[PDB]
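Report on the structure given below.
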Amino acid sequence: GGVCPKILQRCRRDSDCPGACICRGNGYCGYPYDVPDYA
């Protein structure tokens, strides 16, 4: 889904995550590509 091709990154806000990356409740941006169970 909102899976980021980028690296695991923390989010302070949504705009803080470049690309289609939004901030998640986990405290990080949209799950990176290396997370295979997320789409």
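Residues in the structure tokens are named by chain (A, B, ... in the order shown) and by number from 1 within that chain; ligands are numbered from 1 in the order shown.
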
Shell of 7 Å around range 12-21 of chain A, only C-alpha atoms, local chain residues under 6 positions omitted, as an MDAnalysis selection string: chainID A and resid 2 4 29:30

For the selection just defined, write its residues with C-alpha atoms to a file, as a compact mmCIF listing (two decimals), in the first residue's frame.
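Saved to again_24.txt:
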```
# COMPACT_ATOMS: atom_id res chain seq x y z
CA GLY A 2 1.71 3.09 1.24
CA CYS A 4 8.03 3.34 0.63
CA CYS A 29 7.02 6.68 7.86
CA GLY A 30 5.13 4.29 5.58
```

Near residue 37 in chain A, counting only C-alpha atoms, which residues have an atom at most 12 Å away, once you skip same-chain residues fewer than 6 positions from it, shown as a short mmCIF file (atom, residue, chain, number, x, y, z; two decimals) with C-alpha atoms, in the first residue's frame?
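See selection-v4.cif below for the written result:
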```
data_model
loop_
_atom_site.label_atom_id
_atom_site.label_comp_id
_atom_site.auth_asym_id
_atom_site.auth_seq_id
_atom_site.Cartn_x
_atom_site.Cartn_y
_atom_site.Cartn_z
CA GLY A 1 0.00 0.00 0.00
CA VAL A 3 4.96 1.23 1.05
CA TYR A 31 6.63 0.81 5.79
#
```

DSSP-assigned strand (DSSP E or B) members of chain A, reported as number ranges by chain: A: 4, 10, 23, 28-29, 32

Residues near residue 33 in chain A, cut-off 9 Å, only C-alpha atoms, skip fewer than 5 positions along chain, as a VMD selection string: chain A and resid 3 to 8 38 to 39

All residues 6 Å or closer to residue 28 in chain A, only C-alpha atoms, same chain fewer than 2 positions away omitted, as a ChimeraX atom specification: /A:9-11,23-24,26

Generate a file of the selected residues that holds N, CA, C and O atoms, formatted as a PDB file, in the first residue's frame.
```
ATOM      1  N   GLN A   9      12.476   5.285   7.972  1.00  0.00           N
ATOM      2  CA  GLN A   9      12.719   6.600   8.457  1.00  0.00           C
ATOM      3  C   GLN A   9      11.634   6.984   9.435  1.00  0.00           C
ATOM      4  O   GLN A   9      10.495   6.546   9.301  1.00  0.00           O
ATOM      5  N   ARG A  10      12.013   7.735  10.438  1.00  0.00           N
ATOM      6  CA  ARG A  10      11.113   8.234  11.457  1.00  0.00           C
ATOM      7  C   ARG A  10      10.301   9.366  10.882  1.00  0.00           C
ATOM      8  O   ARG A  10      10.743  10.036   9.948  1.00  0.00           O
ATOM      9  N   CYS A  11       9.159   9.587  11.427  1.00  0.00           N
ATOM     10  CA  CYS A  11       8.305  10.651  10.964  1.00  0.00           C
ATOM     11  C   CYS A  11       7.939  11.542  12.118  1.00  0.00           C
ATOM     12  O   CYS A  11       7.604  11.056  13.203  1.00  0.00           O
ATOM     13  N   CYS A  23       3.268   9.501   7.631  1.00  0.00           N
ATOM     14  CA  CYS A  23       3.671   9.165   8.978  1.00  0.00           C
ATOM     15  C   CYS A  23       2.702   8.126   9.528  1.00  0.00           C
ATOM     16  O   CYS A  23       1.506   8.161   9.212  1.00  0.00           O
ATOM     17  N   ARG A  24       3.199   7.174  10.274  1.00  0.00           N
ATOM     18  CA  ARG A  24       2.352   6.147  10.837  1.00  0.00           C
ATOM     19  C   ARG A  24       2.405   6.220  12.361  1.00  0.00           C
ATOM     20  O   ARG A  24       3.336   6.818  12.941  1.00  0.00           O
ATOM     21  N   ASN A  26       3.259   4.072  14.370  1.00  0.00           N
ATOM     22  CA  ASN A  26       4.446   3.376  14.875  1.00  0.00           C
ATOM     23  C   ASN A  26       5.587   4.365  15.148  1.00  0.00           C
ATOM     24  O   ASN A  26       6.532   4.044  15.866  1.00  0.00           O
TER      25      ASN A  26
END
```
